[PDB]
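All Cβ positions, even for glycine, are placed from backbone atoms using ideal geometry, and neighbour counts span all protein chains on display. All of the numbers you see were taken from the coordinates with simple rules; none came from a lab.
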Amino acid sequence: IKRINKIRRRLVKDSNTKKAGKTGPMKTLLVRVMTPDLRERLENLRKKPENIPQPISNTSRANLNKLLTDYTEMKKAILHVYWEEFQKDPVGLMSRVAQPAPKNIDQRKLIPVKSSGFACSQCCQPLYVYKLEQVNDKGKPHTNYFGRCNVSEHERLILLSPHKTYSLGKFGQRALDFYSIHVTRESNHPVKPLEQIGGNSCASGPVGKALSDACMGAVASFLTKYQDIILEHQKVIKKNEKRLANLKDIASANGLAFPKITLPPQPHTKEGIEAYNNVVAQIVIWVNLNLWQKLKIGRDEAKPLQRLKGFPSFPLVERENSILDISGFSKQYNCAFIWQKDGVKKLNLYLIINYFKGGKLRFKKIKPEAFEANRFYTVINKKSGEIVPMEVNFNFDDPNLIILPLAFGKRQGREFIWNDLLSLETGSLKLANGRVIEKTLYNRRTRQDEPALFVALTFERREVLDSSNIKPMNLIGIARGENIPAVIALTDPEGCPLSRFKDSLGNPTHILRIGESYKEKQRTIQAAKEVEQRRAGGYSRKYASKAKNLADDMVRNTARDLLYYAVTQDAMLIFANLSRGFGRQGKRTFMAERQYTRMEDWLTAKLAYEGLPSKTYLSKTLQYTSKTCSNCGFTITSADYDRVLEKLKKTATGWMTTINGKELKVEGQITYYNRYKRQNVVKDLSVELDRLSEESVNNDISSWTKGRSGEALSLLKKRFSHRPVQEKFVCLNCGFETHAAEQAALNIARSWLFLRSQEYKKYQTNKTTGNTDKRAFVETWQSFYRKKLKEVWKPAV
DNA sequence: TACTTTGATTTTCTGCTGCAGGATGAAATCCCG
DNA sequence: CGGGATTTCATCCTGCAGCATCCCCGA
RNA sequence: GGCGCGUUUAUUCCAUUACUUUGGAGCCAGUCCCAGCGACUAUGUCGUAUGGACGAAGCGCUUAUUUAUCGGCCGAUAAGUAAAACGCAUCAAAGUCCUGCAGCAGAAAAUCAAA
């Protein structure tokens, strides 16, 4: 039976546990606040429940609304002030937000600059550069660059990033002292958020400490993006000037009137970017009108300019959810998660937020087993690792409190609240922080979008598994296709197939197919879509997201099934070394057909939450795996058409060509998607070649300049090459016949085994002297695979 | 002097994904009763 | 003499190799 | 296209806690109440859906309440019929969030050029 939780239980039961590092895996719970609509929904069931919870009181709702409005206004005001400050002088803010080194890097500085990279704007003094060289754990030498000022107050070690001329490299949200400037009343800054916006009603500590992060994170992100994008602008300008010089020279060579417009110097604001893009667009329009259109010049010989893209805008000011933030869960920030003991295995959950002046949420430590009825309890986590159970007492009718009852399901509760293993009572799970989200949700009863209150609570796992004993031996190759989502094959370390799966007939085998019946489903959906489109020119809202939802369902289920098979079979998964975002980008393609990276990421995240690295069960490997027969190892190539076009000599019966000593009969018909006609036109290959040969003598290939060679190659690129049937596969050596997907799945695992063989090592050693080639790789492939077929990989007869 | 595709400027709308900042308590001083 | 409420502060390492794996077409 | 019931995703144990989705199953998709096309003399349709306006949306079983029907409610079945409770249709999976930026697309509209 296939459940992810059963797999997780199997993993936990099969391995030991250890304490997590400095920061462990983190997971988030998103639930909803018990509102009156949920109360009515619970009251309208056929079988009414015995005890319906009370909804959130009016006072809590009013206080929450007031707090949300004030928080949003404060964030806007601070962001506006820092936007103005950045506009006045970018360099000052850039140096101020720079994240200093930890106050423990006290290794003896050895070498200064061989100096004016930046400057400490606090004292307006140059920030002299100092060097520090060290060697990492793997032996690669690394040089650390630091900036130090002569001022005792500014005796810091700001990080610097060398460039081939220096950059900062880091922008932290705590580098700038936000609290002492805008929060405390001792400062004389003209802009004070809490004193002016909140009307002296909000507690300084928690609200200020929340605003600090809420603003500095955005400012740091914006500054990092700005700093990164400036260098790419320099590179683009450098690569663009030469190209425009070449284009101007070409235009002068044709004797046309080139416009007298010159590039502006590199800008640093959005208006300069706009002007530069306008000039580039004008130049490209002129080039299009004069060179490619009238004279028909190719793109490579006359290539356009490139626009300036990626310049960021200041957060939230250079122009909806309302967010109330909680910095942390400790007695200092005036927030708590309270649960009522009734029995040694039951809880009753609430969450209290006291952000107002004139509230009472006093704690007091209790004995480990001093629990009493009608009294609330909670736990507090320390840096030292100790857990102190403390009880919370307060007044339910407090006019300054915020009381939130939560609503969730059994799955979420078993995952976080009352989990069997990760029980937060003993400290195995720690509550990190939380948020309050106010967003619009669809109400089906009223058929309107209405505001709803959500609660997000992030939990950090403190005990993880030990990967020192997870050593899979067997292998599983996954071959993906469009007709079938996935076909897999199970092999032992030696590579021999393992007959442990069961087919429909129950016979032993080593092949399974996952997610079948898909193709007819999306084809029915597309048939309905096309019928509606032909009927009325458009489809209803139903067919907007059916394919996407079904594809997401299928990829999730396939990932779950392969995870189950790998875990229960003691095998390590192998995927194809496809670059991220790989897929077919054509005419009738859909974005719902790209589930390679999505699957890898889902599997990686699921393995990561348990504390194991991806290399324990998940891997990648290599190119030329689907085009290889399992009898001798012959492989066809797209570049192998050069062999076809090498002779192309003519006989009395027509054209003839040979590849690898095998005669090829030149005949066949070609049907291609003619975009000029938006239809399919069928042409005869021999007839096309004869029409080409009408204007040629002796039909010699070497007499071809550029064009007729390309047209003949495009004609010949179908012929008799590798594919009588798309799904069926036949081997050229002895006529071996087998399904293509199964062979591809087996060959992917065998390729992964190959990339760690000794032939590959000697290949790389020859690469050390320099042997970058293409034919040698395929030759080693064929030789190794033939040897392995000879020794251990007995073929099926 | 019939009536397709391509390359291109701008205008709007619907979506969908990548990538930075993240996931804070310990302790030292005022104010006060 | 506690008991809150407000202010300062400081916490982090170095990933290998294929010509294309659905991207090459005639005009 | 819409309208509602909801079960399973922990092994003897841990909230039919109730949230957000996916898949399956269940029911209604009609009314002439109007304006279209065949061709039109071009603010006026004989047959025909190109659009508009209203309405629609489980079945059983156990418990009083208006009549028929004869023995003078002791006779049950038909509707209106309160609430409790059960059964069937009807069954299985998943969830890591916030902020700010940009980048990818898809579809329409105003202008230059071509065999």
- request: For chain A, list log₁₀ I(q)/I(0) at each q in 0.05, 0.09, 0.10 Å⁻¹, using the Debye formula over Cα point scatterers of equal strength and ignoring solvent, two decimals each.
  value: -0.44, -1.34, -1.48
- line: Label model pair A:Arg580, A:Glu646: point-to-point distance (7 angstrom along the Cα→beta-carbon line) in nm is 4.1
- prompt: Kirkwood Rh, Cα Rg: Rg to Rh for segment A:468-621?
  reply: 1.04
- line: Going residue by residue through segment A:190-207, the Karplus relation 6.51 cos²θ - 1.76 cosθ + 1.60 with θ = phi - 60° gives ³J(HN,Hα) values, rounded to whole Hz and with x marking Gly or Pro, of x, 10, 10, x, 5, 6, 9, 7, x, x, 6, 10, 9, 4, 5, x, x, 5
- request: Taking H placed 1.01 Å from N in the peptide plane, check which residues at least 5 places from A:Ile297 or on another chain put their amide H under 5 Å from its amide H.
  value: A:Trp292
- prompt: Along the charge dipole of chain A, which of A:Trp752, A:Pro315, A:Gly710 sits closest to the positive end, that is, farthest toward it, with unit charges on the beta carbon of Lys, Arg, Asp and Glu (+1, +1, -1, -1)?
  reply: A:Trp752
task: List the relative contact order of segment A:641-791 as a percent without decimals, with contacts defined as Cα pairs under 8 Å and 6+ residues apart.
output: 14
message: Once you order the gyration tensor axes a ≥ b ≥ c over the Cα atoms, which shape class does segment A:65-227 get: rounded for a/c under 1.5, otherwise prolate or oblate by comparing a/b with b/c?
response: prolate
task: With r as the distance between the Cβ atoms of A:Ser116 and A:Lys2 and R0 = 60 Å, compute the FRET efficiency 1/(1 + (r/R0)^6) and round to 0.05.
output: 0.40
message: Could you tell me which residue out of A:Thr23, A:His154, A:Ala536 lies farthest along the dipole of chain A toward its positive end? Charges go on the beta carbon: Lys and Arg +1, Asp and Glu -1, centred on the Cα centre.
response: A:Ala536
query: About the Cα centre of segment A:136-231, what is the dipole size in debye to 20, counting +1 per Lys and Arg Cβ and -1 per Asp and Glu Cβ, all else neutral?
result: 360
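Determine the shape class of segment A:458-532: with a ≥ b ≥ c the square roots of the Cα gyration tensor eigenvalues, call it rounded for a/c under 1.5, and otherwise prolate if a/b is greater than b/c, oblate otherwise.
oblate
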- prompt: Can you flag which of A:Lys331/A:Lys360; A:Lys88/A:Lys164; A:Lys627/A:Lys649; A:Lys346/A:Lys367; A:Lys48/A:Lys341 are past 21 Å Cα-Cα?
  reply: A:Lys88/A:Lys164; A:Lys627/A:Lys649; A:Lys48/A:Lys341
- request: Using Cα pairs closer than 8 Å and at least 6 residues apart in sequence, work out the relative contact order for segment A:468-621, in percent.
  value: 25
Unit charges at the beta carbon, dipole of chain A: most positive-side option, A:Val644, A:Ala275, A:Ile326: A:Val644
- prompt: Among the trypsin sites (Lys or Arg not before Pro) within segment A:648-710, which fall in a DSSP loop and have no more than 14 other Cβ atoms within 10 Å of their own Cβ?
  reply: A:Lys649, A:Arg675, A:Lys677, A:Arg678, A:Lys706
Size of electric dipole in segment A:218-278: Cβ of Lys, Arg +1 and of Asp, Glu -1, about Cα centre, debye, nearest 20: 180
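How big is the charge dipole of segment A:449-535 about its Cα centre, in debye rounded to the nearest 20, if each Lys and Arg gets +1 on its Cβ and each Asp and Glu gets -1 on its Cβ? Provide the component values of the computation, followed by the final result.
Values: 13 positive and 13 negative charges, 71 e Å.
Once rounded to the nearest 20, the dipole reads 340 debye.
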- prompt: How many angstrom separate the Cα center of segment A:351-399 from the Cα center of segment A:103-165?
  reply: 47
task: Please express the Cα-Cα pair-distance distribution P(r) of segment A:383-521 as a list of whole percents, one per 5 Å bin, running from 0 to the bin with the greatest distance.
output: 2, 6, 8, 9, 10, 9, 10, 12, 11, 8, 7, 4, 3, 1, 0
- prompt: Between A:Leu45 and A:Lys346, what is the FRET efficiency for a Förster distance of 30 Å, r being their Cβ-Cβ separation, to the nearest 0.05?
  reply: 0.85
query: When the Karplus curve 6.51 cos²θ - 1.76 cosθ + 1.60 is applied with θ = phi - 60°, which whole-Hz ³J(HN,Hα) does each residue of segment A:101-107 get, with x for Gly and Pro?
result: 6, x, 7, 9, 8, 10, 5
query: Give or take rounding to whole Å, what are the principal axis extents of the alpha carbon atoms in segment A:641-791, in descending order?
result: 54, 39, 34
message: Taking the number of other C-beta atoms within 10 Å as the exposure measure, put A:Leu431, A:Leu746 in order starting with the fewest.
response: A:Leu431, A:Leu746
message: Taking θ = phi - 60°, what integer Hz values does the Karplus form 6.51 cos²θ - 1.76 cosθ + 1.60 yield along segment A:632-644, in sequence order, with x for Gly and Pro?
response: 10, x, 5, 9, 8, 9, 4, 6, 5, 5, 4, 5, 5
message: Among DSSP bridges having both ends in chain A, what percentage is antiparallel? Round to the nearest 5.
response: 95
query: What residues qualify as long-range amide H neighbours of A:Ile574, i.e. H under 5 Å apart, gap of 5 or more or another chain, H built at 1.01 Å from N?
result: A:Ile476, A:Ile478
query: How would you rank A:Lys18, A:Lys209, A:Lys345, going from fewest to most other Cβ atoms within 10 Å of each one's own Cβ?
result: A:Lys345, A:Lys18, A:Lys209
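GluC sites (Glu not before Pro), restricted to segment A:1-106: which are DSSP loop and have at most 13 other Cβ atoms within 10 Å?
Here the sparse-neighbourhood loop sites are A:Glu50.
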field: chymotrypsin sites (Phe, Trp or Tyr not before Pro) restricted to DSSP loop in segment A:347-408 with at most 12 other C-beta within 10 Å
entry: A:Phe396
For A:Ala336, distant residues with modelled amide H under 5 Å away: A:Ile352
